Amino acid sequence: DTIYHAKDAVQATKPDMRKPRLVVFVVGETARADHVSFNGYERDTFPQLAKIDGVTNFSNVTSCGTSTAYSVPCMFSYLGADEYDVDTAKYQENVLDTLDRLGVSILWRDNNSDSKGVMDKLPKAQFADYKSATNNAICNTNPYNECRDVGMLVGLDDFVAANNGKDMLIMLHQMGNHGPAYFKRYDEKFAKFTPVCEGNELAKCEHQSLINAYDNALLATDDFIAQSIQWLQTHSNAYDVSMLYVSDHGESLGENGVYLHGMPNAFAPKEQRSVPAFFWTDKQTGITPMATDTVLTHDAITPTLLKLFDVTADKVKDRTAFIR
């Protein structure tokens, strides 16, 4: 019952005749553009990414919607935000379907929830649940026994070896800044801003303590993205490596009494849709980022992923991406 959108897609060069390409796409969670240092926030919430050459920050990115179930399938859609509908997304060919058909090896590790239908047509072995300590080795580093996003990097070299010489796209779906318990989202080495709200009744938190917990969780995501780049750099001789980060949606933090996310796009405050995006690539790859102030949305993700693998598809041929 698949409705196709890119049966014409062609890959202009193959990994038997040029370097294979290895990309990590971090599918972020709950992060707000306006809490990113690079976008003008008053605090340095991304100190480690600031030191990495080759990172581009995008200051004007709007998510497709305000929730995981709405945004995540739209991020991988061909249809764009206007014609995307959540009710039928599962039956559309999505960009991972196309890349898999073209021979890219797809992996999805999830420390959040699940792929919201995006992985459903691909073999079940290509999806792995990293919220569970059965699979994630990094869960006892905090009082909540919460498995951490950095645990998704453990053992990726085995996936690379099993796909030796092929193009690869790895999605890491992070827990990130999920609320309401922002204080649970980061280990103690990131407990920089204090005091913190440590209750789930957010309207009873002092506003600054809630912001402080949220910003500490951002520091842990800065760390996770930095470690994902460092992992890619261990493969940059054999593979052309790049990393894309985009959050699924933002978050309200008490403005006008609004908390969490999920508001319909018709009425949602801007904080629920203004999201960070970062793109990193190694110097060898020939990939050129777009200008930092390009007006961008989740609709740029599908053409970016196709372009990273040298794929053209008529449906998105002239659509703006995060890269040229």
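Residues carry their position along the shown sequence, with the first being 1.
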Stretch exceeding the other in mean C-alpha B-factor - 228-236, 194-202: 194-202
Entry-level comparison of average CA B-factors, 243-251 and 157-165, reporting the higher stretch: 157-165
Residue with maximal Cα B-factor (values as given in the PDB entry) among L96, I170, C139, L102: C139
Out of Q174, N216, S71, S132, residue topping the C-alpha B-factor column of the entry: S132
Chain-wide C-alpha B factor ranking for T285, given as lowest, middle or highest third: highest
Where the record places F183 (Cα B-factor, split into thirds across the chain): middle
Chain third (lowest, middle, highest) by recorded CA B-factor, residue given as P269: middle
Cα B factor band for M152 (lowest, middle or highest third within the chain): middle
Chain-wide C-alpha B factor ranking for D223, given as lowest, middle or highest third: lowest
